[PDB]
Amino acid sequence: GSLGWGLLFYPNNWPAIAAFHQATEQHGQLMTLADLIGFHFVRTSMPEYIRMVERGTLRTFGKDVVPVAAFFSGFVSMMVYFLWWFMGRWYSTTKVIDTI
Amino acid sequence: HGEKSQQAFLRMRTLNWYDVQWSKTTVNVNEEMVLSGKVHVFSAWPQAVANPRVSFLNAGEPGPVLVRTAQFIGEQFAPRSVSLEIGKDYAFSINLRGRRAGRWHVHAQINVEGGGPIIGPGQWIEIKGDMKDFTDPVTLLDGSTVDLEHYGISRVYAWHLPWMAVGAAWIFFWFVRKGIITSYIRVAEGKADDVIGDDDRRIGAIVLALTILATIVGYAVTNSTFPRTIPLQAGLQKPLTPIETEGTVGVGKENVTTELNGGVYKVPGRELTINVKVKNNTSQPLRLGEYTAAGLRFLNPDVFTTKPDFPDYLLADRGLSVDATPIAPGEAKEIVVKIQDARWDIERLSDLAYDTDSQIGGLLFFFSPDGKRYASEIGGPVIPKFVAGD
Amino acid sequence: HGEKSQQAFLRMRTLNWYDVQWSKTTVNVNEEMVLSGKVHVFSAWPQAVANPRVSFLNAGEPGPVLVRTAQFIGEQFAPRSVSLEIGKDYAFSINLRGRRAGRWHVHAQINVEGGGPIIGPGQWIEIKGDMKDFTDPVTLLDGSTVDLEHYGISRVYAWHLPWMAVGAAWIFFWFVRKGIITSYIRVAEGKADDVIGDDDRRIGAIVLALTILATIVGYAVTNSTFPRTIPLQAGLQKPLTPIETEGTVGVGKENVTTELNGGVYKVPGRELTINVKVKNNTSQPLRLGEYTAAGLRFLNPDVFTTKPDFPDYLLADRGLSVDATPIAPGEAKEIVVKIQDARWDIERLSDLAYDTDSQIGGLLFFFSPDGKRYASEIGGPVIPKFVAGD
Amino acid sequence: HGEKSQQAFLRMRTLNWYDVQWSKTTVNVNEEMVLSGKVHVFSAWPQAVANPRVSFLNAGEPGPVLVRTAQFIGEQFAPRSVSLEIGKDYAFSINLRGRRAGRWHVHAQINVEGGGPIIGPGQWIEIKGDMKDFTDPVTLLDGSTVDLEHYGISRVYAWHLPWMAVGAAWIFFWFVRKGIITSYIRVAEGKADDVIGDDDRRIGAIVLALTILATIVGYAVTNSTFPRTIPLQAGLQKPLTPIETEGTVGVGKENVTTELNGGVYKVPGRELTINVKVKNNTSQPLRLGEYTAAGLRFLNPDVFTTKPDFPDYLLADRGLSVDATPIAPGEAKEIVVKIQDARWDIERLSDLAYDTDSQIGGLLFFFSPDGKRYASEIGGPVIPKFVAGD
Ligand SMILES: [Cu+2]
Ligand SMILES: [Cu+2]
Ligand SMILES: [Cu+2]
């Protein structure tokens, strides 16, 4: 269940997302439209650097950045799932207690 | 706009703002004003604030009342984070296209990594027109144009709302097909199994098959439109080039040097008295004409006989005086400077008594016979005088 | 050897590798080749990668096919971590004794603290002999020699296997003396106590007394042999001395200066076109003869009429051209440079379109009439041209 | 006083201490001695110790046997944390008012952020008088004086002890009003409810009303007394100014340059033999007169014919020798220096064999014909000679 949920995320977002990952040249630099939408419509409190998006590493090999992300998101969602199932259960509790 | 509430001492001992200018204090929707200025990165950068190794230039304004078309600092196009070096000055500018009709108070603004926002000066900027008319636009690498105000929003809804409808079908289906109470009761008794069992599971495997299909389709289509695409472009820009003209603190063969040597401000107040051990160091006689704090200007009306164009608010005409006795060249002189104005109190800089560091910061502006401006940095501990009168 | 897969932009904008040489591309077992070169620590060091304040020089090779006998960088013996400063060049070299018969592709390599490995160039190095014959050796402070390949491994086994056997005795003893099912059943019923109770406990206290004894003994013996011993030697080495010759980026009175001013690479590609604002700055006229990226060389066949000794692979003869019009001294000139080669695609540098920072880095080589080489650093945003076709 | 136990190589390769002086080696209670000196921030700062970017100057002494009246370093009044730049020298001094009668061994001390304490030299300091007599005092901004030794302690007890008594009332009240055992048993049976129920709760609501009222009062009062008050003043001080005189390592046109080029100490030991590749670089002939390590002085009795005033302990007269052959100007010479003294061993510096960095650190002191002192920094790997002995 969760492994699917993990994998399908990016795929099912792509359709709405691709449009904004089209490239523009701005003042001799490359930007995606998205970056630019951000840059344009000014947020008082949102300096690029706060972002927490991919910025490259030496241990990336490929061409693989999304597949690994999604498989990882899948495998971890297994654990979250369990815990949250049993918490769904704990929250479904009809236990009545005697005093406060 | 909240600059008033920030800690006084911090505003004074981080970024020193000067020569801030607004192209036009009125624009039409789509008309393209520009805000610019220069900033000196104070030398004794406070502990409270991250090192400005990672910073970001910004237009301080209540949302996108103006689109930003581009901005530059340290002679770089700076839509990403940039390093500022302690002690240097940088020049910047922001290209702002009017968008929303009103009267907005737009600021120069820089944020430091683990520091927060530092707000510069701000000027009211009357915009007129109808927002309806605002466009961008922008040109792709493929050469085509897109109006950003609208581009892509169609395609989004196109994918989002269908699926939300689908999701809502799935719910209302099973709900009205086997109620809540009905199916609770069933389950609560023996069964269950009345509630599900195939071919409820046939419906499921089919609905699922269509979902995945709908995805592989939606993917391959949106992969055909837009078969280019690049990842978000992020990360710290190459080091900036500071200002080298002239001078411009610690730049050039000639310059002024100011030590702070004692201060006192009244509490409550409006007044500050400081003794300044000036050295000069140029080859012209220098009169001190201006002192800037948090974008506040304090002018010697002996030097500023008139009387600059600069938002109220903000701009004082009592940064006085000396004995107008021009000093050098070579001369080393300690000179009592009184700074008095309601703005010092109005801009909560008298609430320096509340701070965990009773310390002043900022730039001093010395002028020659002719125009020539020479800048030196002033800073250090000032003591409060606790006065009566509430 | 995986350098191909690393992020393009990072490989180009971190370490700039040059003059890499391999003493001998063949060795006998015990025969003592050396790998050396120089590296320039790019100026605009990327966010993604730790500052190289902590780094380590290494031979990039599939295990100990060569023992390393020593290595040096920045004029220091560097068997421990060392600082590299952004903007500087360092020269290094690694003394490598053949050990394992084959054909290995050995690299220059440096790793950064929180960055990872940066792989330099690599050359195949045919080793021959029998591994059996490999020795070291090495000399202690007491004066004696030891063959490292073997030293110590006796004494280890001596102490490890006895105790493993002892461990196994202990198990097999209690196992066959009261079985699993037997003792389970005993315990499962009332008792228990049949299973243990002294003098199972006497065996215990004894086996233990011998164990501890065995330890105090083995200790005091191995304390007698080797009564000297020092703790492992670790920590960051004193700062290095960079190269001052000559020049060698930003060193000396004379030099070239290149600004990047616009770039374009084709996608998919083989080609890069860049406009370079060169200034010079020397006192000789300069022709641009080479460009290095990830250890990739791009040569102007006008300047490299022949045609250097350098692993394939890696070494292109299309870093051309100019109008061969030697520029200066004094001259400031912007000059279209085309770089074209299958190696740029083969080393995945065309996968720069995949990266989060579309940006080039590396060294430019200008030459005088005579030999004299003048090095300037080049870097900055290049744009992709999205092309159809194979 | 524990300097002995700290790791040898670390005390040597961090802070290099010189010209430490104590105003008076005797004082009366209230009499105001002063400890001063200079320190050179070693250039190859060990990995083990935080960068000294955040440090703090201190009087190493067993509690407030001397109040500190003030202190200074890098030409600043330094009651807060300060930055020390690697490779520079700073001068400091501490103003120490006697307080407790005895014979204390008082040190110069600096602590680094993520480092720990570094202890300078220490001198015995006989105090006499009766502590009863010790005062401060100190002046408020309002102009009044207060004896610190006593100020405020009154008011404190005044508020604490009453409340503690109140607390103890509350407890003894309920205790003897309804027992432990009684109330346990009541609760244990049906009730409970016998134990509490209003008007036990009337007592509570009242006691609480008084408590809060006791607070609002005590607040308002203590708000009337002292209606001024500022928050604790904290944070890293503006950068220091190093020593520029003269010189003083890497300062001025003239200077000495010492490389280390091999070392050997005996284990166990008292001896150190090092070859030093001196260069000079001044314009006078230089004789090497002193070598300092962890506050330890090693003197050439050829140069120190007499024979300074300096705590024992600590001060050797066998930092010898050369062939007293004054070297330069211009002359570059490699010179075997023997350092031998019981102090080297007594100060556990011979326990360098125990360290994870067998490396030496410190300052060399060359003198001219006349007085003039020239300082150069020595450091790096020294090898142990493992000699027969305990
Ligand atoms: Cu505002
Ligand atoms: Cu390889
Ligand atoms: Cu002591």
# chains A, B, ... in the order shown; residues from 1 in each chain; ligands from 1

call {"tool": "residues_around", "arguments": {"residues": "residue 235 (chain B)", "least_positions_apart": "3", "cutoff": "7 Å", "atoms": "only C-alpha atoms", "output": "list in words"}}
result
residues 49 and 55 of chain A; 80 and 81 of chain B; 47 of chain C

call {"tool": "residues_near_ligand", "arguments": {"ligand": "ligand 3", "cutoff": "9 Å", "atoms": "only C-alpha atoms and all ligand atoms", "output": "PDB file with N, CA, C and O atoms, in the first residue's frame"}}
result
ATOM      1  N   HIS D   1      45.573  25.218  38.501  1.00  0.00           N
ATOM      2  CA  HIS D   1      46.900  24.830  39.035  1.00  0.00           C
ATOM      3  C   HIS D   1      47.220  23.468  38.454  1.00  0.00           C
ATOM      4  O   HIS D   1      48.322  22.920  38.634  1.00  0.00           O
ATOM      5  N   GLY D   2      46.238  22.957  37.711  1.00  0.00           N
ATOM      6  CA  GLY D   2      46.292  21.616  37.132  1.00  0.00           C
ATOM      7  C   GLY D   2      46.993  21.482  35.798  1.00  0.00           C
ATOM      8  O   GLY D   2      47.067  20.388  35.225  1.00  0.00           O
ATOM      9  N   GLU D   3      47.519  22.600  35.317  1.00  0.00           N
ATOM     10  CA  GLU D   3      48.214  22.663  34.036  1.00  0.00           C
ATOM     11  C   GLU D   3      49.069  21.418  33.770  1.00  0.00           C
ATOM     12  O   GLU D   3      49.167  20.962  32.625  1.00  0.00           O
ATOM     13  N   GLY D  60      43.334  32.841  36.998  1.00  0.00           N
ATOM     14  CA  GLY D  60      43.376  31.473  37.483  1.00  0.00           C
ATOM     15  C   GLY D  60      43.749  31.555  38.936  1.00  0.00           C
ATOM     16  O   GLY D  60      44.911  31.803  39.265  1.00  0.00           O
ATOM     17  N   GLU D  61      42.737  31.390  39.791  1.00  0.00           N
ATOM     18  CA  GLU D  61      42.869  31.488  41.256  1.00  0.00           C
ATOM     19  C   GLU D  61      41.733  30.762  41.988  1.00  0.00           C
ATOM     20  O   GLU D  61      40.576  30.812  41.555  1.00  0.00           O
ATOM     21  N   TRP D 104      48.218  32.404  47.855  1.00  0.00           N
ATOM     22  CA  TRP D 104      47.606  31.834  46.664  1.00  0.00           C
ATOM     23  C   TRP D 104      48.553  31.869  45.461  1.00  0.00           C
ATOM     24  O   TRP D 104      49.382  32.771  45.380  1.00  0.00           O
ATOM     25  N   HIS D 105      48.440  30.901  44.545  1.00  0.00           N
ATOM     26  CA  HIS D 105      49.263  30.861  43.321  1.00  0.00           C
ATOM     27  C   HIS D 105      48.500  31.276  42.080  1.00  0.00           C
ATOM     28  O   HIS D 105      47.999  30.389  41.382  1.00  0.00           O
ATOM     29  N   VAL D 106      48.486  32.595  41.791  1.00  0.00           N
ATOM     30  CA  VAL D 106      47.583  33.273  40.806  1.00  0.00           C
ATOM     31  C   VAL D 106      48.081  33.275  39.354  1.00  0.00           C
ATOM     32  O   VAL D 106      49.207  33.668  39.090  1.00  0.00           O
ATOM     33  N   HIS D 107      47.219  32.837  38.432  1.00  0.00           N
ATOM     34  CA  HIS D 107      47.577  32.631  37.027  1.00  0.00           C
ATOM     35  C   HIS D 107      46.874  33.566  36.063  1.00  0.00           C
ATOM     36  O   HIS D 107      45.765  34.062  36.319  1.00  0.00           O
ATOM     37  N   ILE D 119      45.975  27.583  30.682  1.00  0.00           N
ATOM     38  CA  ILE D 119      46.574  28.235  31.843  1.00  0.00           C
ATOM     39  C   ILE D 119      47.966  28.821  31.544  1.00  0.00           C
ATOM     40  O   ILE D 119      48.860  28.128  31.040  1.00  0.00           O
ATOM     41  N   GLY D 120      48.144  30.102  31.856  1.00  0.00           N
ATOM     42  CA  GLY D 120      49.409  30.768  31.644  1.00  0.00           C
ATOM     43  C   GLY D 120      50.300  30.490  32.823  1.00  0.00           C
ATOM     44  O   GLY D 120      50.155  29.464  33.473  1.00  0.00           O
ATOM     45  N   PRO D 121      51.257  31.392  33.090  1.00  0.00           N
ATOM     46  CA  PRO D 121      52.080  31.307  34.287  1.00  0.00           C
ATOM     47  C   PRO D 121      51.345  31.798  35.523  1.00  0.00           C
ATOM     48  O   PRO D 121      50.376  32.543  35.415  1.00  0.00           O
ATOM     49  N   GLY D 122      51.809  31.351  36.682  1.00  0.00           N
ATOM     50  CA  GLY D 122      51.175  31.682  37.938  1.00  0.00           C
ATOM     51  C   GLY D 122      52.239  32.000  38.946  1.00  0.00           C
ATOM     52  O   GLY D 122      53.288  31.358  38.975  1.00  0.00           O
ATOM     53  N   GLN D 123      51.974  33.005  39.769  1.00  0.00           N
ATOM     54  CA  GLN D 123      52.901  33.385  40.824  1.00  0.00           C
ATOM     55  C   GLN D 123      52.195  33.429  42.156  1.00  0.00           C
ATOM     56  O   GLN D 123      51.107  33.989  42.254  1.00  0.00           O
ATOM     57  N   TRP D 124      52.825  32.849  43.175  1.00  0.00           N
ATOM     58  CA  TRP D 124      52.362  32.984  44.551  1.00  0.00           C
ATOM     59  C   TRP D 124      52.142  34.430  44.947  1.00  0.00           C
ATOM     60  O   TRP D 124      52.938  35.289  44.590  1.00  0.00           O
TER      61      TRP D 124
END

call {"tool": "residues_around", "arguments": {"residues": "residue 246 (chain B)", "least_positions_apart": "5", "cutoff": "8 Å", "atoms": "only C-alpha atoms", "output": "ChimeraX atom specification"}}
result
/B:251-252,374

call {"tool": "write_last_selection", "arguments": {"atoms": "N, CA, C and O atoms", "output": "mmCIF file, in the first residue's frame"}}
result
data_model
loop_
_atom_site.group_PDB
_atom_site.id
_atom_site.type_symbol
_atom_site.label_atom_id
_atom_site.label_comp_id
_atom_site.auth_asym_id
_atom_site.auth_seq_id
_atom_site.Cartn_x
_atom_site.Cartn_y
_atom_site.Cartn_z
ATOM 1 N N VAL B 251 38.535 52.459 1.970
ATOM 2 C CA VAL B 251 38.956 52.331 0.587
ATOM 3 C C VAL B 251 39.614 53.634 0.087
ATOM 4 O O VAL B 251 39.122 54.755 0.320
ATOM 5 N N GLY B 252 40.740 53.478 -0.596
ATOM 6 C CA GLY B 252 41.428 54.625 -1.174
ATOM 7 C C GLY B 252 42.550 55.134 -0.288
ATOM 8 O O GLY B 252 42.712 54.690 0.866
ATOM 9 N N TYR B 374 33.285 61.906 2.391
ATOM 10 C CA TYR B 374 34.116 60.875 2.987
ATOM 11 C C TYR B 374 33.408 60.249 4.181
ATOM 12 O O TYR B 374 32.926 60.967 5.076
#

call {"tool": "interface_residues", "arguments": {"of": "chain D", "to": "chain B", "cutoff": "12 Å", "atoms": "only C-alpha atoms", "output": "JSON, numbers by chain"}}
result
{"D": [53, 54, 76, 77, 80, 81, 82, 83, 140, 141, 142, 143, 226, 227, 228, 229, 230, 231, 232, 233, 234, 235, 236, 237, 238, 239, 240]}

call {"tool": "interface_residues", "arguments": {"of": "chain A", "to": "chain C", "cutoff": "12 Å", "atoms": "only C-alpha atoms", "output": "ChimeraX atom specification"}}
result
/A:21-32,35,49,52-66

call {"tool": "residues_around", "arguments": {"residues": "residue 287 (chain D)", "least_positions_apart": "6", "cutoff": "10 Å", "atoms": "only C-alpha atoms", "output": "ChimeraX atom specification"}}
result
/D:300,302-303,321-328,365-369,373-374

call {"tool": "write_last_selection", "arguments": {"atoms": "N, CA, C and O atoms", "output": "CSV table (one decimal), in the first residue's frame"}}
result
chain,number,residue,atom,x,y,z
D,300,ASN,N,69.3,31.1,27.5
D,300,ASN,CA,70.7,31.1,27.2
D,300,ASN,C,71.4,32.0,28.2
D,300,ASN,O,71.3,33.2,28.1
D,302,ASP,N,74.2,32.8,28.2
D,302,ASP,CA,75.1,33.7,27.4
D,302,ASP,C,74.4,35.0,27.1
D,302,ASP,O,75.0,36.0,27.0
D,303,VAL,N,73.1,34.9,26.9
D,303,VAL,CA,72.3,36.1,26.7
D,303,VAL,C,71.7,36.6,27.9
D,303,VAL,O,71.6,37.8,28.1
D,321,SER,N,72.7,25.7,23.4
D,321,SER,CA,73.1,27.0,23.1
D,321,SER,C,73.2,27.2,21.5
D,321,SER,O,72.4,26.6,20.8
D,322,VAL,N,74.1,28.0,21.1
D,322,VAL,CA,74.4,28.1,19.7
D,322,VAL,C,75.9,27.8,19.7
D,322,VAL,O,76.4,27.0,20.4
D,323,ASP,N,76.7,28.5,18.8
D,323,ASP,CA,78.1,28.8,19.0
D,323,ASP,C,78.1,30.3,19.2
D,323,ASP,O,79.1,31.0,18.7
D,324,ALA,N,77.2,30.8,20.0
D,324,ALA,CA,77.0,32.3,20.1
D,324,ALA,C,77.3,33.2,18.9
D,324,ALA,O,77.5,34.4,19.0
D,325,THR,N,77.2,32.6,17.7
D,325,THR,CA,77.6,33.2,16.4
D,325,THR,C,76.5,34.0,15.7
D,325,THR,O,76.0,33.6,14.7
D,326,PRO,N,76.3,35.2,16.2
D,326,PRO,CA,75.1,36.1,15.9
D,326,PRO,C,74.4,36.1,14.6
D,326,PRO,O,73.4,36.8,14.4
D,327,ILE,N,74.8,35.2,13.6
D,327,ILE,CA,74.0,35.0,12.4
D,327,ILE,C,74.0,36.2,11.4
D,327,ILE,O,75.0,36.2,10.6
D,328,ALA,N,73.1,37.1,11.4
D,328,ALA,CA,72.9,37.9,10.3
D,328,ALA,C,73.4,39.3,10.5
D,328,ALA,O,74.3,39.5,11.3
D,365,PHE,N,63.2,33.5,21.0
D,365,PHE,CA,63.7,34.9,21.3
D,365,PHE,C,65.1,35.2,21.0
D,365,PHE,O,66.0,34.9,21.7
D,366,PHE,N,65.3,35.9,19.8
D,366,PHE,CA,66.6,36.4,19.4
D,366,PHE,C,66.8,37.8,19.9
D,366,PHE,O,65.9,38.6,19.9
D,367,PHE,N,68.0,38.1,20.3
D,367,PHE,CA,68.4,39.4,20.7
D,367,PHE,C,69.6,39.9,19.8
D,367,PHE,O,70.4,39.2,19.3
D,368,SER,N,69.6,41.3,19.7
D,368,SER,CA,70.7,42.0,19.1
D,368,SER,C,71.9,42.2,20.1
D,368,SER,O,71.8,41.8,21.2
D,369,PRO,N,73.0,42.9,19.6
D,369,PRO,CA,74.0,43.4,20.4
D,369,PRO,C,73.5,44.1,21.6
D,369,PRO,O,73.8,43.7,22.8
D,373,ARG,N,64.8,42.8,21.2
D,373,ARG,CA,64.3,41.4,21.1
D,373,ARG,C,63.6,41.2,19.8
D,373,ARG,O,62.7,42.0,19.4
D,374,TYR,N,63.8,40.1,19.2
D,374,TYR,CA,63.1,39.7,18.0
D,374,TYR,C,62.5,38.3,18.1
D,374,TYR,O,63.3,37.3,18.4

call {"tool": "atom_distance", "arguments": {"atom1": "CA of residue 271 (chain B)", "atom2": "CA of residue 223 (chain D)"}}
result
26.1 Å

call {"tool": "atom_distance", "arguments": {"atom1": "CA of residue 259 (chain C)", "atom2": "CA of residue 17 (chain C)"}}
result
19.8 Å

call {"tool": "select_by_dssp", "arguments": {"residues": "region 4-83 of chain A", "states": "helix (DSSP H, G or I)", "output": "PyMOL selection string"}}
result
chain A and resi 4-20+33-40+65-83

call {"tool": "residues_around", "arguments": {"residues": "residue 16 (chain C)", "least_positions_apart": "2", "cutoff": "10 Å", "atoms": "only C-alpha atoms", "output": "PyMOL selection string"}}
result
chain C and resi 11-14+18+38-42+89+120+292-296+361-363+377

call {"tool": "residues_around", "arguments": {"residues": "region 2-8 of chain A", "least_positions_apart": "5", "cutoff": "12 Å", "atoms": "only C-alpha atoms", "output": "count of residues only"}}
result
29

call {"tool": "residues_around", "arguments": {"residues": "residue 334 (chain B)", "least_positions_apart": "3", "cutoff": "7 Å", "atoms": "only C-alpha atoms", "output": "ChimeraX atom specification"}}
result
/B:275-278

call {"tool": "atom_distance", "arguments": {"atom1": "CA of residue 98 (chain C)", "atom2": "CA of residue 70 (chain C)"}}
result
13.3 Å
